[PDB]
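Visitor:
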Amino acid sequence: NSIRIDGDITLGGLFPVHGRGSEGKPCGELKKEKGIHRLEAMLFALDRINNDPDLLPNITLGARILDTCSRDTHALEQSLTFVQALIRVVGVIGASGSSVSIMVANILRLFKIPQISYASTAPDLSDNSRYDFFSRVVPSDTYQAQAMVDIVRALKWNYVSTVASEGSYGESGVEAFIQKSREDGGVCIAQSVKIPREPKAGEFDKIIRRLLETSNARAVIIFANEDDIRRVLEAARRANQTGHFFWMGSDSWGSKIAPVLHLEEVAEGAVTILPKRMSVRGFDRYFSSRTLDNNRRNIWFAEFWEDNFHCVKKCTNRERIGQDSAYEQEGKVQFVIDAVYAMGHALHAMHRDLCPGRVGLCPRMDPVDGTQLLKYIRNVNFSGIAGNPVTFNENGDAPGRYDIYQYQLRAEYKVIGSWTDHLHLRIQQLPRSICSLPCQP
Amino acid sequence: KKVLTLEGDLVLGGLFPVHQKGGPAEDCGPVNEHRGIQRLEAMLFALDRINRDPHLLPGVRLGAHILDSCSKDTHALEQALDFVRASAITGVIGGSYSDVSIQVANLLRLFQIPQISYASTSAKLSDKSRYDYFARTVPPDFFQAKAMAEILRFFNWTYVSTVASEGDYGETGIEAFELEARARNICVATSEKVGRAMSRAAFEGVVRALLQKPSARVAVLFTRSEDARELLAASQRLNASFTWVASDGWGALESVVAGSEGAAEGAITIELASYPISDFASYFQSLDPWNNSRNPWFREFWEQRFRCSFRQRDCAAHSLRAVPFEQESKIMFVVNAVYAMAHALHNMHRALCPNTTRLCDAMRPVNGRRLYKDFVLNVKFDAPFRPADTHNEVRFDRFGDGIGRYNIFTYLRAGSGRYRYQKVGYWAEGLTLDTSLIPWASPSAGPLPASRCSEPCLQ
Ligand SMILES: *[C@@H]1O[C@H](CO)[C@@H](O)[C@H](O)[C@H]1NC(C)=O
Ligand SMILES: *[C@@H]1O[C@H](CO)[C@@H](O)[C@H](O)[C@H]1NC(C)=O
Ligand SMILES: N[C@@H](CCC(=O)O)C(=O)O
Ligand SMILES: N[C@@H](CCC(=O)O)C(=O)O
Numbered sequence: 041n042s043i044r045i046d047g048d049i050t051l052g053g054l055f056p057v058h059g060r061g062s063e064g065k066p067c068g069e070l071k072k073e074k075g076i077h078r079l080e081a082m083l084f085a086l087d088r089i090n091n092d093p094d095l096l097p098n099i100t101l102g103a104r105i106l107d108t109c110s111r112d113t114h115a116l117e118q119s120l121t122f123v124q125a126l127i149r150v151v152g153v154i155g156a157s158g159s160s161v162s163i164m165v166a167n168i169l170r171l172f173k174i175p176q177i178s179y180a181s182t183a184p185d186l187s188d189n190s191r192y193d194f195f196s197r198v199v200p201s202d203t204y205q206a207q208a209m210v211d212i213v214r215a216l217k218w219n220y221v222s223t224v225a226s227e228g229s230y231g232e233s234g235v236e237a238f239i240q241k242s243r244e245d246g247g248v249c250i251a252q253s254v255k256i257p258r259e260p261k262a263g264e265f266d267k268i269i270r271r272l273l274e275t276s277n278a279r280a281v282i283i284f285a286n287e288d289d290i291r292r293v294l295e296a297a298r299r300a301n302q303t304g305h306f307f308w309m310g311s312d313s314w315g316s317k318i319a320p321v322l323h324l325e326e327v328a329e330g331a332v333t334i335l336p337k338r339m340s341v342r343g344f345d346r347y348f349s350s351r352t353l354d355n356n357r358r359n360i361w362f363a364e365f366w367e368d369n370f371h372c385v386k387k388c389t390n391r392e393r394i395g396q397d398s399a400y401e402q403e404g405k406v407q408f409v410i411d412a413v414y415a416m417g418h419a420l421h422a423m424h425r426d427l428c429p430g431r432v433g434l435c436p437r438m439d440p441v442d443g444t445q446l447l448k449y450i451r452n453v454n455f456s457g458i459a460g461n462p463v464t465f466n467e468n469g470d471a472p473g474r475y476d477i478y479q480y481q482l483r487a488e489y490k491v492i493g494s495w496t497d498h499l500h501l502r503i513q514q515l516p517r518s519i520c521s522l523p524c525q526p
Numbered sequence: 023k024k025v026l027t028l029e030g031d032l033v034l035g036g037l038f039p040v041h042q043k044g045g046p047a048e049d050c051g052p053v054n055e056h057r058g059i060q061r062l063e064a065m066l067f068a069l070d071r072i073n074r075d076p077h078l079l080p081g082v083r084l085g086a087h088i089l090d091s092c093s094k095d096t097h098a099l100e101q102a103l104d105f106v107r108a109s135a136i137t138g139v140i141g142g143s144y145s146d147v148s149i150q151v152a153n154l155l156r157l158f159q160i161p162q163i164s165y166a167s168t169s170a171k172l173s174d175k176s177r178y179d180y181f182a183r184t185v186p187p188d189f190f191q192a193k194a195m196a197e198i199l200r201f202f203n204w205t206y207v208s209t210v211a212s213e214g215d216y217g218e219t220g221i222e223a224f225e226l227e228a229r230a231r232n233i234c235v236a237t238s239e240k241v242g243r244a245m246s247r248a249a250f251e252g253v254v255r256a257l258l259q260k261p262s263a264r265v266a267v268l269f270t271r272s273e274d275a276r277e278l279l280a281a282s283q284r285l286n287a288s289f290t291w292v293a294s295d296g297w298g299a300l301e302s303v304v305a306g307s308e309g310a311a312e313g314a315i316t317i318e319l320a321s322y323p324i325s326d327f328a329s330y331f332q333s334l335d336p337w338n339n340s341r342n343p344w345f346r347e348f349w350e351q352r353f354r355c356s357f358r359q360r361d362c363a364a365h366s367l368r369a370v371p372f373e374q375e376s377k378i379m380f381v382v383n384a385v386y387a388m389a390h391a392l393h394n395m396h397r398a399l400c401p402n403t404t405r406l407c408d409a410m411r412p413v414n415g416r417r418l419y420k421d422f423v424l425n426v427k428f429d430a431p432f433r434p435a436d437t438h439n440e441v442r443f444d445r446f447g448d449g450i451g452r453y454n455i456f457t458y459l460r461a462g463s464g465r466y467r468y469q470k471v472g473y474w475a476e477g478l479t480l481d482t483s484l485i486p487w488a489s490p491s492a493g494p495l496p497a498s499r500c501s502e503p504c505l506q
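So the sequences go chain by chain: A and B. Numbering-wise, the first sequence is residues 41 to 127, 149 to 372, 385 to 483, 487 to 503, 513 to 526 according to the UniProt record's numbering. Numbering-wise, the second sequence is residues 23 to 109, 135 to 506 according to the UniProt record's numbering.
(1) Distance check for A/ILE290 and A/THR108, CA to CA, integer angstroms please.
(2) Residues in its own chain within less than 6 Å of A/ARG517 by CB, not counting five upstream and five downstream?
(3) In the DSSP assignment, find the unbroken beta strand (DSSP E) run with A/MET309 in it and report its ends.
(4) Which residues, in order along the segment 111-126 of chain A, keep a beta-carbon less than 8 Å from a beta-carbon of chain B?
(5) When you measure from the CB of A/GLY246 to every non-hydrogen atom of ligand 3, does any distance come out below 7 Å?
(6) Within the 8 Å Cβ cut-off, does A/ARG191 reach chain B?
(7) CB of B/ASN383 to nearest heavy atom of ligand 1: below 7 Å?
(8) Using only alpha-carbon positions, find the residue among A/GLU73, A/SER42, A/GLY61 that is nearest to A/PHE365.
(9) Is the CB of B/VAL106 under 8 Å away from at least one CB in chain A?
(10) Please find out if some non-hydrogen atom of ligand 5 comes closer than 7 Å to the beta-carbon of A/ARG338.
(11) Smallest Cα separation from B/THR290: which of B/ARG57, B/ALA497, B/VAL53?
(12) Which ranges would you report for the alpha helix (DSSP H) in the segment 273-341 of chain A if only whole runs of at least 4 residues count?
(13) If B/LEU154 and A/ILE168 are in contact, beta carbons under 8 Å, what's the gap, nearest whole angstrom?
(14) Can you tell which of B/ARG177, B/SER272, B/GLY214 has its C-alpha closest to the C-alpha of residue 21 of chain B?
(15) Give a yes or no on whether the minimum CB-CB distance between B/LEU367 and chain A is below 8 Å.
(16) For a test of your reading of the model: does the CB of B/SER143 fall under 7 Å from any non-hydrogen atom of ligand 4? Yes or no.
(17) Could you tell me if the beta carbon of A/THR464 falls within a distance shorter than 7 Å of some heavy atom in ligand 1?
(18) Name the one or two DSSP bridge partners that B/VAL370 has.
(19) Which residues in the same chain have their Cβ closer than 7 Å to the Cβ of B/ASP146, if we skip the five residues on either side of it in sequence?
(20) Could you tell me which chain A residues have their CB closer than 7 Å to the CB of B/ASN153, listed as they occur along the chain?
(21) Which chain B residues are close to A/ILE168, counting only those with a beta carbon under 7 Å from its beta carbon?
(22) Who does B/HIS41 pair with in a DSSP beta bridge?
(23) Going by C-alpha distance, which of B/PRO187, B/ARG156, B/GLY141 is nearest B/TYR165?
(24) How many Å lie between B/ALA68 and B/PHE432 at the Cα?
(25) Using the C-alpha atoms, what's the distance from B/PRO503 back to B/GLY447?
(26) With a 10 Å radius around its C-beta and 16 neighbouring C-beta atoms as the bar for buried, classify B/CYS92 as buried or exposed.
(27) For B/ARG467, which beta-bridge partners are listed by DSSP?
(28) For A/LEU171, decide whether its Cβ has a neighbour in chain B, counting only Cβ atoms nearer than 8 Å.
(29) My understanding is that B/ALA287 touches B/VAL265, with C-beta atoms under 8 Å, so please give their C-beta distance in whole angstroms.
(30) Candidates B/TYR206, B/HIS56, B/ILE163: which alpha carbon is nearest B/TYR386's?
(31) With C-beta atoms as the reference, is A/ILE282 less than 8 Å away from A/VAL332?
(32) If I follow the unbroken alpha helix (DSSP H) through A/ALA399, where does it start and stop?
(33) Please find out if some non-hydrogen atom of ligand 2 comes closer than 7 Å to the beta-carbon of A/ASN286.
(34) Following the continuous beta strand (DSSP E) through A/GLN481, name the residue where it begins and the one where it ends.
(35) Taking the beta carbon of B/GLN283 as the centre, do at least 16 other beta carbons fall within 10 Å, making it buried, or is it exposed?
(36) Whole angstroms are fine: how far does the CA of A/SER119 sit from the CA of A/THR113?
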């Protein structure tokens, strides 16, 4: 299944519109927040660059977006379409998955295709020697590890436990956090919990048993995927531990309804970190406007229409996205809008230099070279749709600037601080998770 | 760059770590004298016997397309495209390093290219969900951590420190060892991880961290060959006494300990049990840089070993038949990997084309679905060059692995013999090593070196 758009040059893309599937099935239940909300964002972005004449005049941009069901193995088979002819896409947008993007970055570098990701924050992916053509528009998790230590220190937390999921994100997340925890020497790790990729039903129950084993470890930090946070949160309800644990979430648990859907009892008092973001007005009036028989390009949009609205029979075409009361403009939708813009700006700069005077695609750059285009991406400096400045580094990373969100009840995430350079957290939460209480003078 | 171009009806791939990693320098430079040319010539020796075997693929004339990985995952995958240019690579026999083998396996899976690894002990390739076209003869890192965990329990070593090598080999070994240590009441101290490419000053940092828990006289080592020598070199400088429990990376090869040979006196190393090949000993010894034109790297190998040059009219006098020959402990696995699909191709030939001992025009397009799935099945056959009074047999389990046969090695300092590796036991699903052979475990030597965190307290 592909949503290819005919154009002068095609842009590769990987979006997890589906989820990881249990058993032999390589695909699971459809993911509303990750995927589809970001799938049409790039399409909306691709429909805006081709409209204005100030960016790539008389040059239409195609697409070769595919499906990755949150599976590392399934992502490599689909990516073969990009390099089938070179065994032609000019650039490929990396997938959200940290482990998924790694397996696409070590094969696209063989055929020299630059990669720009939007939701992968692997500290490993910052190695220039192994990942030559990988570019990132979000700060790495190594900056989050320092931020979490600063947050817990401001909250006087001393005894915490870490939970990580299998892959290159959870394993590389807690490890960075643990190493930076020892550097300050203020906080210590009670224990490390490993979540298998394909565990049993009772395995998650055993996870909460180890957390309850250290009953004084009130605060627990989780580095898990989107579908793993909900399962661990659900296990707390079945163990009668509502309120005993305060959850410490990473960027995988930003402002998102799905991890807190039908679970607003254990998720209360949970503080999470998300990078800089803003609510873009352009995409607000785009997703709510697209309906059936209009956005026929997106094959999975029909599945999105069925799953979201039914939440059964009588599938009449008389409902709108606005009345669903579930459209929130997910935080990482912005990061894919400017991801293609950075690659588009690099192509515009490349077009001007290699084709002087030629408004159209001059034949001098018809066989686009990834190595030549790679240096242009590193020097892109412009302003995004919301207004944030988009700039890369020598390793292709992004400056570290985050936001602190704390889940409140009145069920809406509220900004309670920031991590510009050191900290900006302003007092809610409650002081706890302190072992070795003062034993009096 | 330089590749072997043996020709035949169907060619067979290969990927060996001929050179050593150069790090910040060039991609890979100096050759390997034990895991390089010795393993490289093992495949050619095995291929020559098959091509002259009337009972194994008669008239097929198996070819060779051995590439070069030289201990670099990125370099191995960069040249792995030659294996997929046609898609004619019917199979790939390579991946001596866990990191190298993982990267190649993912690429070859897309084009249904069966792969055999003669040395890959990582306990993740057994997962058929991610690698459904992978088979190997060596055991995984499942019945290897238990052997080292039981040795620690045998010597009552409770408080130990673990050193991990960054990659897909050290991390997997630590996780397997950590769960076994916890289940055996073995305490775990601070664990230090060494990167794939780090400065020599950083290697002094990790040994300092190990010295920051002085009741941890026992260090469990999970490193590759190129990462264990640096730690030993970092042990002579800033002198310290640390007994070593070594993984498969250390092995019995006499190059990771050469030089800094005084800092691993009480080192225990676990390798894979095997036997020397008498026929291969004569083949490797009777080689010359002039006659052996098949190997492009043999000329370079004649420069490091038998130090001379090809420009000043040097060389042409030294012979490998004079100096003693030390066969690598994993040569048996290399020759078993070649014969693994040699019998499978003969079995496939007997069933698909039961008309003549040639190509029947149906086996020309090689498919991984019919080949590997019939190859992971019973290919039980007698091990080639098997010694007498032995019952070894080459076979693959449902996970495409081998039997868990191991052995124990210790480092000797006997007088008038410099240094020597001695086998003191094996692992036949249970420890069997003796105590009278270890120099520091002898009764007339004093208390054994132990690592307990709290001297036990009496009642
Ligand atoms: C991008 O442009 C801005 C304009 O003020 C300036 O900071 C600098 O030239 C660039 N920024 C970075 C971080 O390179
Ligand atoms: C210590 O090891 C010895 C064998 O050398 C044996 O008595 C037993 O395994 C251990 N004994 C105690 C008391 O820990
Ligand atoms: N960046 C995290 C979270 C991705 C997401 O689901 O938004 C990862 O790579 O797993
Ligand atoms: N099996 C060890 C060493 C293999 C070898 O080079 O002999 C590894 O995967 O690193």
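Built from N, CA and C at the ideal position, the CB exists for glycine as well.
Guide: With the structure as the only source:
(1) Indexing the first sequence from 1 puts residue 108 of chain A at position 68. Indexing the first sequence from 1 puts residue 290 of chain A at position 229. Between A/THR108 and A/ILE290, the C-alpha separation is close to 20 Å.
(2) Position 432 of the first sequence, counted from the first residue, corresponds to residue 517 of chain A. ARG279.
(3) In the first sequence, the residue the question calls residue 309 of chain A occupies position 248. 307-310 is the extent of the beta strand (DSSP E) around A/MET309.
(4) Residues passing the 8 Å Cβ filter: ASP112, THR113, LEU116, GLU117, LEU120.
(5) By one-based count along the first sequence, residue 246 of chain A stands at place 185. No, the Cβ of A/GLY246 stays beyond 7 Å of every heavy atom of ligand 3.
(6) Here residue 191 of chain A refers to the residue found at position 130 when the first sequence is read from its first residue. A/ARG191 has a beta carbon lying within less than 8 Å of a beta carbon in chain B.
(7) Here residue 383 of chain B refers to the residue found at position 336 of the second sequence. Remark: the shortest separation between the CB of B/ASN383 and any heavy atom of ligand 1 does not fall under 7 Å.
(8) Here residue 365 of chain A is taken as the residue at index 304 of the first sequence, counted from 1. Restricting attention to A/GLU73, A/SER42, A/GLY61, the CA atom closest to the CA of A/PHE365 is found in A/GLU73.
(9) Residue numbering aside, residue 106 of chain B sits at position 84 when the second sequence is read from its first letter. Contacts with chain A at 8 Å (Cβ-Cβ) include B/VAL106.
(10) Among the ligands in the structure shown, ligand 5 does not appear; only ligand 1, ligand 2, ligand 3 and ligand 4 can be found there.
(11) Residue numbering aside, residue 290 of chain B sits at position 243 when the second sequence is read from its first letter. Minimum Cα distance to B/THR290 is reached at B/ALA497.
(12) Runs found: 287-299.
(13) If you number the second sequence from 1, residue 154 of chain B lands on position 107. If you number the first sequence from 1, residue 168 of chain A lands on position 107. 7 Å between Cβ atoms; contact.
(14) This structure cannot speak to residue 21 of chain B, because chain B is shown only from 23 to 506.
(15) The count along the second sequence starts at 1 and reaches residue 367 of chain B at position 320. Not one chain A Cβ lies under 8 Å of B/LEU367.
(16) If you number the second sequence from 1, residue 143 of chain B lands on position 96. True, at least one ligand heavy atom lies under 7 Å from that Cβ.
(17) Position 391 of the first sequence, counted from the first residue, corresponds to residue 464 of chain A. At least one heavy atom of ligand 1 sits closer than 7 Å to the Cβ of A/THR464.
(18) Position 323 of the second sequence, counted from the start, is the residue given in the question as residue 370 of chain B. None; B/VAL370 has no bridge partner.
(19) As a working note, residue 146 of chain B is residue 99 in the second sequence. Correct list, in chain order: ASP95, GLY214, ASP215, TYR216.
(20) Translated into positions along the second sequence, residue 153 of chain B becomes position 106. Within 7 Å Cβ-Cβ: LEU116, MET164.
(21) On the first sequence, position 107 is the one that residue 168 of chain A refers to. The answer, in chain order, is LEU154.
(22) On the second sequence, position 19 is the one that residue 41 of chain B refers to. The bridge partners DSSP lists for B/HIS41 are B/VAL53.
(23) Sequence index remark: in the second sequence, residue 165 of chain B carries index 118 (1-based). Across the set B/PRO187, B/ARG156, B/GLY141, the C-alpha of B/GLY141 shows the shortest separation from the C-alpha of B/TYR165.
(24) The residue you call residue 68 of chain B lines up with position 46 of the second sequence. The residue you call residue 432 of chain B lines up with position 385 of the second sequence. Here the alpha carbon of B/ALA68 sits roughly 10 Å from the alpha carbon of B/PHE432.
(25) Your numbering for residue 447 of chain B matches position 400 in the second sequence. Your numbering for residue 503 of chain B matches position 456 in the second sequence. Cα to Cα, the separation comes out at about 45 Å.
(26) Residue numbering aside, residue 92 of chain B sits at position 70 when the second sequence is read from its first letter. The C-beta of B/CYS92 has 16 or more other C-beta atoms within 10 Å across all chains shown, which makes the residue buried.
(27) Taking the first residue of the second sequence as 1, we reach residue 467 of chain B at position 420. Under DSSP, B/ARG467 takes part in a beta bridge, and its partners are B/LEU459.
(28) One-based indexing of the first sequence puts residue 171 of chain A at position 110. For A/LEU171, at least one C-beta of chain B is nearer than 8 Å to its own C-beta.
(29) On the second sequence, residue 287 of chain B is found 240 positions in, with the first residue counted as 1. On the second sequence, residue 265 of chain B is found 218 positions in, with the first residue counted as 1. Rounded, the Cβ-Cβ distance is 13 Å, inconsistent with contact.
(30) On the second sequence, residue 386 of chain B is found 339 positions in, with the first residue counted as 1. Of B/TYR206, B/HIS56, B/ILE163, the residue nearest in Cα terms is B/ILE163.
(31) Residue numbering aside, residue 282 of chain A sits at position 221 when the first sequence is read from its first letter. Residue numbering aside, residue 332 of chain A sits at position 271 when the first sequence is read from its first letter. No.
(32) Taking the first residue of the first sequence as position 1, residue 399 of chain A is located at position 326. Careful: A/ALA399 lies outside any alpha helix (DSSP H) and carries neither H nor E.
(33) Taking the first residue of the first sequence as position 1, residue 286 of chain A is located at position 225. Because no heavy atom of ligand 2 lies under 7 Å away, the Cβ of A/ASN286 does not count as near it: no.
(34) Here residue 481 of chain A refers to the residue found at position 408 when the first sequence is read from its first residue. Per DSSP, A/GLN481 belongs to the beta strand (DSSP E) from 475-481.
(35) Residue 283 of chain B sits at position 236 when you count from the first residue of the second sequence. Counting C-beta atoms within 10 angstroms of its own C-beta, B/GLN283 has fewer than 16 neighbours from the protein chains shown and is therefore classed as exposed.
(36) Here residue 113 of chain A refers to the residue found at position 73 of the first sequence. Here residue 119 of chain A refers to the residue found at position 79 of the first sequence. Answer to the nearest angstrom: the Cα atoms are 11 Å apart.
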